[PDB]
Structures are given as C-alpha cells and as structure tokens.
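Asks: What follows is the file coords-v7.cif, containing mmCIF, C-alpha atoms and all ligand atoms:
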data_input
#
loop_
_atom_site.label_atom_id
_atom_site.label_comp_id
_atom_site.auth_asym_id
_atom_site.auth_seq_id
_atom_site.Cartn_x
_atom_site.Cartn_y
_atom_site.Cartn_z
CA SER A 1 -3.79 -25.47 74.43
CA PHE A 2 -2.41 -22.98 71.87
CA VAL A 3 -2.61 -22.02 68.19
CA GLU A 4 1.22 -21.61 68.27
CA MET A 5 1.72 -25.35 68.97
CA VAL A 6 -0.18 -26.47 65.86
CA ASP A 7 2.07 -28.22 63.29
CA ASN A 8 5.00 -28.38 65.75
CA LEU A 9 5.72 -32.01 64.71
CA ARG A 10 7.53 -33.19 61.62
CA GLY A 11 8.96 -36.48 60.41
CA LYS A 12 9.63 -38.93 57.62
CA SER A 13 7.19 -41.82 57.06
CA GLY A 14 8.19 -44.80 59.22
CA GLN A 15 10.79 -42.82 61.21
CA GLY A 16 8.67 -41.20 63.94
CA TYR A 17 7.54 -37.64 64.63
CA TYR A 18 9.85 -35.06 66.20
CA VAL A 19 9.49 -31.69 67.92
CA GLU A 20 12.12 -28.95 68.08
CA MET A 21 13.63 -28.45 71.55
CA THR A 22 16.52 -26.53 73.10
CA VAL A 23 18.91 -27.76 75.77
CA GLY A 24 21.44 -25.75 77.76
CA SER A 25 22.51 -22.13 77.98
CA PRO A 26 22.83 -20.71 75.47
CA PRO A 27 20.07 -22.85 73.90
CA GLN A 28 21.28 -25.69 71.65
CA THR A 29 18.66 -26.63 69.04
CA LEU A 30 17.85 -30.35 68.58
CA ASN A 31 14.98 -32.28 66.93
CA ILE A 32 13.49 -34.81 69.37
CA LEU A 33 11.36 -37.86 68.61
CA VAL A 34 8.08 -37.80 70.56
CA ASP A 35 7.71 -41.23 72.19
CA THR A 36 4.77 -42.30 74.40
CA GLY A 37 6.28 -45.80 74.48
CA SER A 38 9.23 -44.88 76.74
CA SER A 39 10.12 -42.58 79.65
CA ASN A 40 13.71 -41.33 79.13
CA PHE A 41 14.68 -37.95 77.64
CA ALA A 42 17.88 -38.61 75.70
CA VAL A 43 19.99 -36.76 73.14
CA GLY A 44 23.01 -37.62 71.02
CA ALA A 45 25.90 -35.99 72.88
CA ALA A 46 28.86 -37.26 70.87
CA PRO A 47 29.69 -37.69 67.16
CA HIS A 48 27.86 -40.33 65.15
CA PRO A 49 27.76 -40.76 61.33
CA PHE A 50 23.95 -40.20 61.18
CA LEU A 51 24.04 -37.11 63.46
CA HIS A 52 24.75 -33.71 61.95
CA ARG A 53 24.65 -32.02 65.37
CA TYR A 54 24.51 -33.02 69.03
CA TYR A 55 24.34 -31.84 72.66
CA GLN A 56 27.69 -30.39 73.84
CA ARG A 57 27.50 -30.23 77.64
CA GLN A 58 30.76 -28.26 77.88
CA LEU A 59 29.12 -25.36 75.98
CA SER A 60 26.27 -25.11 78.55
CA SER A 61 26.64 -22.91 81.66
CA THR A 62 23.54 -24.49 83.23
CA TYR A 63 24.65 -28.12 82.83
CA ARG A 64 25.13 -30.29 85.96
CA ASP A 65 26.74 -33.75 86.00
CA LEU A 66 24.71 -36.38 87.88
CA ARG A 67 27.73 -38.74 87.84
CA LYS A 68 25.60 -41.72 86.84
CA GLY A 69 25.51 -44.11 83.87
CA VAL A 70 22.31 -45.00 81.96
CA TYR A 71 21.34 -47.48 79.23
CA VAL A 72 18.12 -48.13 77.31
CA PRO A 73 17.40 -51.00 74.89
CA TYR A 74 14.33 -50.48 72.65
CA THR A 75 12.79 -53.01 70.20
CA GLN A 76 16.04 -53.16 68.22
CA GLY A 77 17.85 -49.83 68.70
CA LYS A 78 19.84 -49.05 71.85
CA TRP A 79 22.07 -46.42 73.48
CA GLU A 80 24.38 -45.83 76.45
CA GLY A 81 24.80 -42.43 78.10
CA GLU A 82 25.61 -40.16 81.01
CA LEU A 83 22.96 -38.54 83.19
CA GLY A 84 22.79 -34.84 83.97
CA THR A 85 20.34 -31.98 84.27
CA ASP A 86 19.95 -28.85 82.16
CA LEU A 87 17.43 -26.20 81.16
CA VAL A 88 15.05 -27.39 78.46
CA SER A 89 12.46 -25.61 76.35
CA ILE A 90 10.10 -26.43 73.50
CA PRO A 91 10.09 -23.28 71.31
CA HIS A 92 6.75 -24.27 69.77
CA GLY A 93 5.31 -25.68 72.98
CA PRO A 94 4.46 -23.96 76.27
CA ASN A 95 6.23 -20.67 77.08
CA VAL A 96 8.25 -22.14 79.95
CA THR A 97 11.66 -23.62 80.72
CA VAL A 98 12.41 -26.52 83.02
CA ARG A 99 15.33 -28.31 84.57
CA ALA A 100 15.01 -31.86 83.29
CA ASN A 101 17.04 -35.02 83.52
CA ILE A 102 18.99 -35.62 80.28
CA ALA A 103 20.68 -38.82 79.16
CA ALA A 104 23.66 -37.70 77.08
CA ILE A 105 24.15 -40.43 74.45
CA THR A 106 27.81 -41.40 73.99
CA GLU A 107 27.38 -44.86 72.35
CA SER A 108 24.54 -46.35 70.29
CA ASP A 109 23.57 -49.17 67.94
CA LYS A 110 20.76 -49.05 65.36
CA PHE A 111 19.13 -46.17 67.31
CA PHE A 112 19.82 -43.12 65.14
CA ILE A 113 18.36 -43.43 61.63
CA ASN A 114 20.15 -42.17 58.53
CA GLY A 115 18.37 -39.02 57.32
CA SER A 116 15.61 -38.98 59.97
CA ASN A 117 16.40 -35.39 61.04
CA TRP A 118 16.09 -36.12 64.80
CA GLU A 119 18.94 -36.19 67.33
CA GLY A 120 17.15 -37.34 70.47
CA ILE A 121 14.04 -38.90 72.00
CA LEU A 122 11.42 -37.64 74.45
CA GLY A 123 9.97 -40.45 76.56
CA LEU A 124 6.49 -39.27 77.59
CA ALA A 125 5.42 -42.38 79.52
CA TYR A 126 5.69 -42.84 83.31
CA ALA A 127 8.58 -43.17 85.77
CA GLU A 128 7.94 -46.89 86.33
CA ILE A 129 9.58 -47.85 82.99
CA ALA A 130 12.39 -45.30 83.09
CA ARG A 131 16.04 -46.39 83.18
CA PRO A 132 17.98 -46.95 85.26
CA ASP A 133 14.92 -47.04 87.57
CA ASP A 134 11.78 -45.11 88.67
CA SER A 135 13.71 -42.45 90.64
CA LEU A 136 14.72 -40.70 87.39
CA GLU A 137 11.87 -38.21 86.96
CA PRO A 138 10.72 -38.19 83.30
CA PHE A 139 10.53 -34.91 81.38
CA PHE A 140 6.73 -34.45 81.54
CA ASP A 141 6.68 -34.97 85.34
CA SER A 142 9.38 -32.25 85.70
CA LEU A 143 7.40 -29.92 83.45
CA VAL A 144 4.20 -30.26 85.49
CA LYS A 145 6.04 -30.14 88.83
CA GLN A 146 8.11 -27.05 88.00
CA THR A 147 5.39 -25.10 86.09
CA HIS A 148 1.61 -24.57 86.12
CA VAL A 149 1.21 -26.59 82.90
CA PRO A 150 -1.82 -28.92 83.35
CA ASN A 151 -0.96 -32.65 83.57
CA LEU A 152 -2.22 -33.48 80.07
CA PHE A 153 -1.00 -33.55 76.47
CA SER A 154 -2.49 -34.41 73.09
CA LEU A 155 -1.08 -35.68 69.79
CA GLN A 156 -2.54 -35.15 66.30
CA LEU A 157 -0.29 -37.21 64.02
CA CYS A 158 -1.09 -36.64 60.37
CA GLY A 159 -0.33 -38.96 57.44
CA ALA A 160 1.76 -38.16 54.37
CA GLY A 161 -1.24 -36.73 52.49
CA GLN A 162 8.32 -37.30 47.17
CA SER A 163 9.38 -39.93 44.57
CA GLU A 164 12.82 -41.23 45.73
CA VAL A 165 12.48 -39.66 49.19
CA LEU A 166 10.44 -40.88 52.16
CA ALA A 167 7.22 -38.90 52.41
CA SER A 168 7.33 -36.01 54.84
CA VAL A 169 4.71 -36.08 57.61
CA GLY A 170 3.46 -33.52 60.08
CA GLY A 171 1.35 -33.19 63.19
CA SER A 172 0.80 -31.39 66.48
CA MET A 173 1.73 -31.98 70.10
CA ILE A 174 -0.52 -29.80 72.29
CA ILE A 175 0.96 -29.62 75.75
CA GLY A 176 -1.27 -28.80 78.71
CA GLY A 177 -4.63 -28.93 76.97
CA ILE A 178 -7.16 -29.89 74.33
CA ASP A 179 -7.36 -27.91 71.10
CA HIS A 180 -10.94 -28.32 69.81
CA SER A 181 -10.07 -27.30 66.22
CA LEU A 182 -7.91 -30.45 65.82
CA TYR A 183 -10.90 -32.82 65.96
CA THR A 184 -14.57 -33.29 65.05
CA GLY A 185 -17.36 -35.24 66.71
CA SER A 186 -17.05 -36.56 70.24
CA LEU A 187 -14.00 -37.49 72.33
CA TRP A 188 -14.30 -40.98 73.79
CA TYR A 189 -12.10 -42.03 76.71
CA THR A 190 -10.57 -45.35 77.62
CA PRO A 191 -8.96 -45.83 81.05
CA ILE A 192 -5.21 -45.93 81.53
CA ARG A 193 -5.10 -49.36 83.16
CA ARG A 194 -1.78 -48.68 84.88
CA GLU A 195 0.71 -45.83 84.87
CA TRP A 196 3.85 -47.30 83.31
CA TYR A 197 3.32 -47.55 79.56
CA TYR A 198 0.10 -45.92 78.42
CA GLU A 199 -1.72 -49.20 78.93
CA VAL A 200 -5.27 -49.76 77.73
CA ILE A 201 -7.76 -52.61 77.19
CA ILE A 202 -9.18 -53.77 73.87
CA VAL A 203 -12.45 -55.69 74.33
CA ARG A 204 -13.39 -56.54 70.73
CA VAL A 205 -11.88 -56.50 67.22
CA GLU A 206 -13.69 -56.49 63.87
CA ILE A 207 -12.37 -56.64 60.29
CA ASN A 208 -14.94 -55.21 57.88
CA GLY A 209 -17.71 -55.58 60.47
CA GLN A 210 -16.80 -59.22 61.21
CA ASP A 211 -15.96 -60.08 64.82
CA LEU A 212 -12.71 -62.05 65.29
CA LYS A 213 -14.63 -63.76 68.12
CA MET A 214 -11.55 -64.30 70.29
CA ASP A 215 -11.41 -64.40 74.09
CA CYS A 216 -10.65 -60.71 74.73
CA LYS A 217 -7.68 -61.62 76.93
CA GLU A 218 -5.98 -62.46 73.59
CA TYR A 219 -6.25 -58.86 72.40
CA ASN A 220 -4.33 -57.73 75.48
CA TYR A 221 -2.20 -60.85 75.82
CA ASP A 222 0.68 -59.44 77.71
CA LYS A 223 -0.51 -55.85 77.31
CA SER A 224 -2.02 -53.26 75.01
CA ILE A 225 -0.43 -49.82 74.77
CA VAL A 226 -0.52 -46.52 72.85
CA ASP A 227 2.99 -45.97 71.48
CA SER A 228 3.81 -43.02 69.21
CA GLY A 229 7.41 -44.34 68.96
CA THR A 230 6.44 -47.56 67.17
CA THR A 231 5.31 -47.18 63.53
CA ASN A 232 3.05 -50.18 62.97
CA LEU A 233 -0.01 -51.63 64.58
CA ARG A 234 1.66 -54.64 66.27
CA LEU A 235 -0.62 -57.53 67.25
CA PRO A 236 -0.05 -60.57 69.49
CA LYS A 237 0.67 -63.75 67.48
CA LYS A 238 -2.85 -65.31 67.50
CA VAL A 239 -4.56 -61.99 66.74
CA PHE A 240 -2.08 -61.12 63.98
CA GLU A 241 -2.68 -64.46 62.19
CA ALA A 242 -6.48 -64.11 62.40
CA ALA A 243 -6.31 -60.49 61.19
CA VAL A 244 -4.08 -61.16 58.15
CA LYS A 245 -6.24 -64.17 57.22
CA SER A 246 -9.28 -61.88 57.08
CA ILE A 247 -7.50 -59.00 55.28
CA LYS A 248 -6.29 -61.53 52.68
CA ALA A 249 -9.83 -62.84 52.08
CA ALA A 250 -11.35 -59.37 51.69
CA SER A 251 -8.69 -58.48 49.09
CA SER A 252 -8.61 -61.94 47.45
CA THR A 253 -9.47 -60.50 44.00
CA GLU A 254 -5.77 -59.60 43.82
CA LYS A 255 -2.76 -61.62 44.99
CA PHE A 256 0.37 -60.29 46.70
CA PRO A 257 3.64 -62.02 47.67
CA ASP A 258 4.10 -63.41 51.20
CA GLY A 259 6.81 -60.78 51.74
CA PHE A 260 4.10 -58.11 51.61
CA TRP A 261 1.98 -59.66 54.37
CA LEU A 262 5.17 -60.09 56.46
CA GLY A 263 5.74 -56.31 56.47
CA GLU A 264 9.13 -56.37 54.72
CA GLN A 265 8.48 -56.47 50.96
CA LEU A 266 6.63 -53.59 49.27
CA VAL A 267 3.69 -53.76 46.83
CA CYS A 268 2.87 -51.23 44.09
CA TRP A 269 0.21 -50.06 41.66
CA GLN A 270 0.24 -47.46 38.88
CA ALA A 271 -0.24 -43.90 40.17
CA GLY A 272 -3.79 -43.29 41.45
CA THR A 273 -4.99 -46.86 40.79
CA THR A 274 -4.50 -48.10 44.37
CA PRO A 275 -7.56 -50.31 45.01
CA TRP A 276 -8.39 -49.04 48.52
CA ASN A 277 -11.91 -50.50 48.31
CA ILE A 278 -10.69 -54.14 48.38
CA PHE A 279 -8.87 -53.72 51.71
CA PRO A 280 -11.17 -53.86 54.77
CA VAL A 281 -11.57 -51.44 57.66
CA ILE A 282 -10.38 -52.55 61.09
CA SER A 283 -12.26 -51.58 64.27
CA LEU A 284 -10.63 -51.79 67.71
CA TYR A 285 -13.18 -51.48 70.56
CA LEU A 286 -11.58 -50.02 73.67
CA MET A 287 -12.95 -50.30 77.20
CA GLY A 288 -15.06 -47.32 78.21
CA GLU A 289 -14.93 -45.30 81.39
CA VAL A 290 -18.11 -47.14 82.38
CA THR A 291 -18.11 -50.85 83.16
CA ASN A 292 -19.95 -52.74 80.39
CA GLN A 293 -19.38 -49.95 77.84
CA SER A 294 -16.89 -49.63 75.01
CA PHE A 295 -16.24 -47.46 71.98
CA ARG A 296 -14.59 -48.25 68.65
CA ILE A 297 -11.95 -46.58 66.55
CA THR A 298 -12.11 -47.61 62.91
CA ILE A 299 -8.92 -47.70 60.78
CA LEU A 300 -8.86 -47.51 56.96
CA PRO A 301 -6.35 -49.24 54.65
CA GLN A 302 -5.02 -45.71 53.94
CA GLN A 303 -3.64 -45.91 57.48
CA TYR A 304 -2.31 -49.50 57.55
CA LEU A 305 -0.76 -49.52 54.05
CA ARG A 306 2.19 -47.15 54.64
CA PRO A 307 3.66 -45.33 51.60
CA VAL A 308 7.36 -45.69 50.77
CA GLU A 309 10.00 -44.55 48.24
CA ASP A 310 9.43 -45.20 44.51
CA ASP A 311 2.58 -45.77 44.39
CA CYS A 312 4.39 -48.22 46.70
CA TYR A 313 3.25 -49.45 50.13
CA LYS A 314 4.36 -51.70 52.96
CA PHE A 315 1.93 -53.62 55.19
CA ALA A 316 2.11 -51.68 58.46
CA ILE A 317 0.54 -54.41 60.63
CA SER A 318 3.01 -56.87 62.14
CA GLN A 319 3.39 -59.59 64.77
CA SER A 320 4.19 -58.94 68.41
CA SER A 321 5.42 -61.09 71.30
CA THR A 322 4.99 -58.16 73.73
CA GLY A 323 1.29 -57.29 73.36
CA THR A 324 -0.80 -55.00 71.15
CA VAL A 325 1.10 -51.85 70.21
CA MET A 326 -1.13 -49.15 68.83
CA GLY A 327 1.59 -47.37 66.92
CA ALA A 328 1.69 -44.27 64.72
CA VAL A 329 -0.42 -45.74 61.92
CA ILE A 330 -3.32 -46.25 64.33
CA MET A 331 -2.85 -42.79 65.89
CA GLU A 332 -2.84 -41.11 62.47
CA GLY A 333 -6.21 -39.63 61.57
CA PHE A 334 -7.21 -39.45 65.27
CA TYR A 335 -6.69 -36.77 67.90
CA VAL A 336 -5.33 -38.60 70.94
CA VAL A 337 -5.53 -37.03 74.37
CA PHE A 338 -3.19 -38.33 77.08
CA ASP A 339 -5.20 -37.16 80.05
CA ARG A 340 -2.72 -38.12 82.78
CA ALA A 341 -4.56 -36.01 85.38
CA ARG A 342 -7.70 -38.20 84.99
CA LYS A 343 -5.88 -41.46 84.03
CA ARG A 344 -7.51 -41.86 80.63
CA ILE A 345 -6.78 -41.59 76.93
CA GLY A 346 -9.26 -39.86 74.64
CA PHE A 347 -9.82 -40.48 70.93
CA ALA A 348 -11.63 -38.32 68.40
CA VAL A 349 -11.69 -38.14 64.60
CA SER A 350 -8.84 -35.86 63.47
CA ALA A 351 -9.24 -32.83 61.21
CA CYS A 352 -6.36 -34.36 59.16
CA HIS A 353 -7.95 -37.82 58.83
CA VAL A 354 -8.12 -39.76 55.56
CA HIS A 355 -11.45 -38.86 53.98
CA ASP A 356 -11.94 -41.41 51.21
CA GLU A 357 -15.06 -41.36 49.06
CA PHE A 358 -17.24 -43.92 50.82
CA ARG A 359 -15.47 -44.78 54.08
CA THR A 360 -13.92 -42.77 56.87
CA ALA A 361 -11.89 -43.24 60.02
CA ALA A 362 -14.31 -42.99 62.95
CA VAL A 363 -14.68 -42.95 66.74
CA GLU A 364 -18.08 -44.22 67.84
CA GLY A 365 -19.88 -45.34 70.99
CA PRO A 366 -21.24 -46.56 73.19
CA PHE A 367 -21.39 -50.31 72.55
CA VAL A 368 -22.41 -52.55 75.45
CA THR A 369 -19.99 -55.42 76.21
CA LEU A 370 -20.60 -57.75 79.17
CA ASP A 371 -17.41 -57.78 81.23
CA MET A 372 -14.18 -55.98 80.34
CA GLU A 373 -11.91 -55.99 83.41
CA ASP A 374 -11.60 -59.74 82.60
CA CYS A 375 -9.91 -58.77 79.29
CA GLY A 376 -6.79 -57.72 81.15
CA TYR A 377 -3.58 -59.58 82.02
CA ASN A 378 -3.43 -60.04 85.81
CA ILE A 379 0.25 -59.52 86.78
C1 LIG A 401 10.54 -49.24 67.38
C2 LIG A 401 10.98 -48.80 68.75
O1 LIG A 401 11.83 -49.41 69.36
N1 LIG A 401 10.39 -47.71 69.25
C3 LIG A 401 10.77 -47.11 70.52
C4 LIG A 401 11.20 -45.67 70.27
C5 LIG A 401 12.25 -45.64 69.17
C6 LIG A 401 12.02 -44.96 67.98
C7 LIG A 401 12.98 -44.95 66.97
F1 LIG A 401 12.74 -44.30 65.82
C8 LIG A 401 14.17 -45.64 67.14
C9 LIG A 401 14.41 -46.33 68.32
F2 LIG A 401 15.55 -47.00 68.48
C10 LIG A 401 13.45 -46.33 69.34
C11 LIG A 401 9.60 -47.24 71.51
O2 LIG A 401 9.98 -46.77 72.78
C12 LIG A 401 9.12 -48.70 71.62
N2 LIG A 401 8.28 -48.94 72.78
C13 LIG A 401 8.08 -50.29 73.33
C14 LIG A 401 9.38 -50.70 74.00
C15 LIG A 401 10.15 -51.77 73.55
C16 LIG A 401 11.35 -52.10 74.19
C17 LIG A 401 11.78 -51.39 75.29
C18 LIG A 401 11.02 -50.32 75.78
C19 LIG A 401 11.48 -49.50 76.97
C20 LIG A 401 12.21 -48.27 76.43
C21 LIG A 401 10.30 -49.06 77.83
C22 LIG A 401 12.42 -50.29 77.89
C23 LIG A 401 9.83 -49.99 75.11
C24 LIG A 401 7.61 -51.18 72.17
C25 LIG A 401 7.00 -52.52 72.58
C26 LIG A 401 5.96 -52.38 73.69
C27 LIG A 401 6.53 -51.58 74.85
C28 LIG A 401 6.96 -50.20 74.36
#
For this file, produce the structure as structure tokens.
Ligand SMILES: CC(=O)N[C@@H](Cc1cc(F)cc(F)c1)[C@H](O)CNC1(c2cccc(C(C)(C)C)c2)CCCCC1
Replies:
Amino acid sequence: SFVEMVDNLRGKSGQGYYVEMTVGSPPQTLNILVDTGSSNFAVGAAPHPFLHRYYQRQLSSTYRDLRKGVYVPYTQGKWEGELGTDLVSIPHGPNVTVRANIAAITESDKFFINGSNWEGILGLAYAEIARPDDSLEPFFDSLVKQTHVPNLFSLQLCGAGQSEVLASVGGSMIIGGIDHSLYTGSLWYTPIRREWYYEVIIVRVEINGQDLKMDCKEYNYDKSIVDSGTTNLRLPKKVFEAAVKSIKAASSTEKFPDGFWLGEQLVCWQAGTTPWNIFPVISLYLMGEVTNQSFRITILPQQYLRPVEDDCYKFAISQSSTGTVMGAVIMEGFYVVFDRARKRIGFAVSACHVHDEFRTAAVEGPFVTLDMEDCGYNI
C-alpha cells in the first residue's frame, strides 16, 4: 500500500486504463495498459502510425535477447513480437526494479488504438494463459519473486465523473497491499476458482430486484472472469438476452433503436436530462468464501451506460460466446483486491463510486444460496 500510488492510472473512456512504466537503462518511459485478462507484458518496439514512441532495445544496456518469437491474439486486436528481458520499474508503484520478460512488438493489427496514449500492455493474470506457453513468467510473478512485494494488488478504476474528445478517466493500482482510504464498508471475497484468468463464480443475477431464475451454470457458461482489459460487462448468450429483455421493460416509457441495445449505436438526451431512474440496477451475486454463502455487487446505469463524444451514451453490456466478462464498467465504482496469496478477489464500495440521489453501487452480504460449486463449468 502507498499514498504515492493513488491516481497512478489514466485512460480514455472505452480504451482501458494505463500506468506509467520504464523499461531499459537508461529508463525509457512508456504508458502501459493494465490488463487482468491476459498474462503477457508487451510493448510497441517498432514504428506504428498510432504510436508516438516505443521501446528501442538497442538503446538499453541491460537488454538481453531471448532469441524466441511470441504472438498473442486478443478478442480482435493482435500482435507479433520478440522476447527478451530488461529492467522494469513503475515510477508511481513500488520503489523497486525487476528483470521481467518483455515481448517487443514488431507487427500488430487492430491492437494499438488511435489517441489512446498507451504503448504497451501489462498482463496481470497467471502463467497458464501466457504465450507462447506457461514457462514465460508473467511480470507480477517476477516482481514478487525478485522483491519482498506481497503477492497482492488492488485496482480502483474510476468513471469519467470533454465535448468532441473521449472523456478522460482515472484510477489507482495499489501494488502489494490494500489501501483502506480507497473504499468504504466491508470487503467481501469470492474465491479464485482457478489460477489462469481471474476466474470466479456467479451464483445469482437480479435486475431491479428480480431474479433471472436461470440455472446458475448459465451465468458461468464457459467461465466467469474479472478482466480490466475488456470495457463492457459481457454476458453469455442466454443471460444477455434475458438481461436486455428486462432492462428494456424497466425503461419502456422511452424507446431506443435496436442499434443502442446492440452496443454499437449511441443514444442521447439534452444535457443533464439523462433519465437514470428508468434504467434498473443489476446485482451479480458471487460465491462466498463459505459454502452456501454469497454476496452481491450492485451496478447502476451510470456504470453500464458509457459516455462518448458529442450527453451521449453507448450500452456497455454485450453478448459473449466465451463466458461472463466482468469488464471495466463493472469494476468502476468498486475497489477490487486481487489477493493472489489467498486465492480470492475482494470487492468493496469505492470512494469514487457513482453516488446518485436515491440509489448507489453496493457490496452486500451474506446471502444464503444452497449449492454453488455446481454453478461451475467442469473442464
Ligand atoms: C478487448 C480485449 O481484447 N481486451 C484484452 C486486452 C486488450 C485491450 C485493448 F485496449 C486492446 C487489445 F487489443 C487488447 C483482454 O486481454 C481480453 N481478455 C480476454 C481474452 C480474449 C482473447 C484472448 C485472450 C488471451 C490474451 C488470454 C489469449 C484473452 C477476453 C475474453 C475472456 C478471456 C479474457
């Protein structure tokens, strides 16, 4: 924990959160997307039209070629690179330096985003999903192994709160501890089912207090994960359809185009007249540390209606064919502790949550649910 790590994240709405890092000797400054949905540390290392700077290995005295190729395909972006090791620091993180594996990006497609202000990505998940394979020690594992930094990190992603520019966002990545000033109320923990993605189990879903009443295996159909690198709440097909049906009904007083519900087309209102009260709250109940217990995290429309350029919003809930992805919009307004040491993820109401006059984002428990290990997908 540390006061000096507060507000060390920045970003543009919809384009992830990044932290400043240095690579090489002398230190080369780069902005790096913080991604709990992947396990590779990678940086642009060759010219690209959307990169204004990049990692130049030749300028680093501490660089070492691993003489090995590496490739990672994400949801739609992808890159190819060359492995190596170098000294890495996080100026606004812990006061330490570590020799980490680095994928030097030489080719890419739809990976770098025009005007995002980041030049690389920091995969914070486990070795099991790293490319080329699990022998390439992820950054966080190197940090804990080489230093005395406790095996734990927390993320406080904050919302937007202009005009023709994407809203700027901020947050905090607290490495090695829990900063108690970043949250209120109690921290509730859900088990990390398996150490590969940050996998969890959802046992119940409600929209405005109404249970979807689905077999809980559906909520984790495939898998459920906590992914700071994906913007939206992504839901498996059957859950998505049931959720949008209910959100439509709650906000039936008004009518929006199908494009809006499909996440692509935007929807606007005059400034300050956004009818937040017609959109329902969504509660995801996560499995507790104790069998038969659960806790819920409640999400407001201020989280799932993401603001965009020129008051305009996009529906930030979309369909998945690879499980539930609790992306940035779900993490916003919560303090999320990735307690790797004790294989669990904690949630607490964030100090930067969306107040709202009548409703608020919340973390509450316990709630007693008969049977929860049966909600998982058995390999
Ligand atoms: C939108 C997106 O692609 N986000 C990625 C980071 C990112 C951010 C960005 F701004 C631009 C990019 F090109 C990439 C996440 O890593 C996605 N994470 C999952 C995933 C999807 C596809 C392969 C993979 C890996 C890297 C593990 C093979 C992991 C998502 C589905 C559930 C599993 C996790």
Asks: Ligand LIG 401 (chain A): which residues are within 8 Å, counting all atoms listed in the file? Reply as an MDAnalysis selection string.
Replies: chainID A and resid 15:16 33 35:40 72:78 110:113 121 123 129:131 197 225 227:231 322:325
Asks: Check the smallest atom-to-atom distance from each of A:268, A:368, A:337, A:330 to residue A:159 using all atoms listed in the file, then report the winner.
Replies: A:330
Asks: Identify, on the basis of only C-alpha atoms, every residue whose closest approach to residue A:98 does not exceed 10 Å; exclude the query and any residue fewer than 2 positions from it along the same chain; express the result as a PyMOL selection string.
Replies: chain A and resi 23+85-90+96+100-101+139-140+142-147
Asks: Can you work out the spacing between atom CA of residue A:45 and atom CA of residue A:133 in Å, to one decimal?
Replies: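 Here the two named atoms are 21.4 Å from each other.
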Asks: I want to know what sits within 9 Å of residue A:304, based on all atoms listed in the file, with residues of the same chain fewer than 3 positions away left out; could you give that as a ChimeraX atom specification?
Replies: /A:232-233,299-301,314-317,329-330
Asks: Go ahead and compute the interatomic distance for atom CA of residue A:178 and atom CA of residue A:202, in Å to one decimal.
Replies: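 That distance, rounded to one decimal, is 24.0 Å.
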Asks: Report, in Å with one decimal, the straight-line distance from atom CA of residue A:200 to atom CA of residue A:236.
Replies: 14.6 Å
Asks: Just give me the residues with any atom within 6 Å of (-13.5, -50.1, 68.6), file coordinates, counting all atoms listed in the file, written as a list in words.
Replies: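 Those residues, ordered by chain and then number, are residues 283, 284, 285, 286, 295, 296 and 297 of chain A.
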Asks: Tell me which of A:18, A:50, A:44, A:160 sits closest to residue A:307, counting only C-alpha atoms.
Replies: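 Looking at the shortest contact to residue A:307, the residue is A:160.
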Asks: Just checking: using only C-alpha atoms, which residue out of A:184, A:291, A:343, A:162 ends up closest to residue A:126?
Replies: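 Between A:184, A:291, A:343, A:162, the residue approaching residue A:126 most closely is A:343.
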Asks: For residue A:153, work out the shell of residues within 9 Å, counting all atoms listed in the file and skipping chain neighbours fewer than 5 positions away, then give it as an NGL selection string.
Replies: :A and (1 or 173-178 or 336-340)
Asks: Kindly indicate which residue among A:288, A:26, A:209, A:94 lies nearest to residue A:365, using only C-alpha atoms for the distances.
Replies: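 Of A:288, A:26, A:209, A:94, the one nearest residue A:365, counting only C-alpha atoms, is A:288.
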Asks: Pick out the closest residue to residue A:208 from this set: A:158, A:243, A:165, A:271. Count only C-alpha atoms.
Replies: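 That would be A:243, the residue with the smallest distance to residue A:208.
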